[PDB]
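See below for the structure under consideration.
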Amino acid sequence: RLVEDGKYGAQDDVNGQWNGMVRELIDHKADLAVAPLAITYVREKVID
């Protein structure tokens, strides 16, 4: 399944949001991301 928001994770500074891949990996709406997923240190805090 392609993600619906069409974004690469990439922290959303509105209040702390996570508009991309990692939104699917917080909300348990998708449990894998074999995708462009260069490990970012701030992503390590909220996903693994």
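Assuming 0.36 nm per residue, please report the length gained on full extension of the stretch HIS28 to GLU4 beyond their Cα-Cα distance.
Extending this stretch completely gives an extra 7.2 nm.
Run the simple label-point estimate for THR40 and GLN17 please: 7 Å along Cα→C-beta, distance reported in nm.
Between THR40 and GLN17, the label points sit 1.5 nm apart.
For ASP12, which sequence-distant residues (separation of 5 or more, or a different chain) have an amide H within less than 5 Å of its own amide H, given hydrogens modelled in the peptide plane?
Amide H to amide H, under 5 Å and 5 or more residues apart or across chains, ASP12 pairs with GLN17, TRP18, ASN19.
Values quoted throughout were computed directly from the atomic coordinates according to the rules given, and no laboratory measurement underlies them. Here the Cβ is made from the backbone with ideal geometry for all residues, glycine too, and neighbour counts use every protein chain on show.
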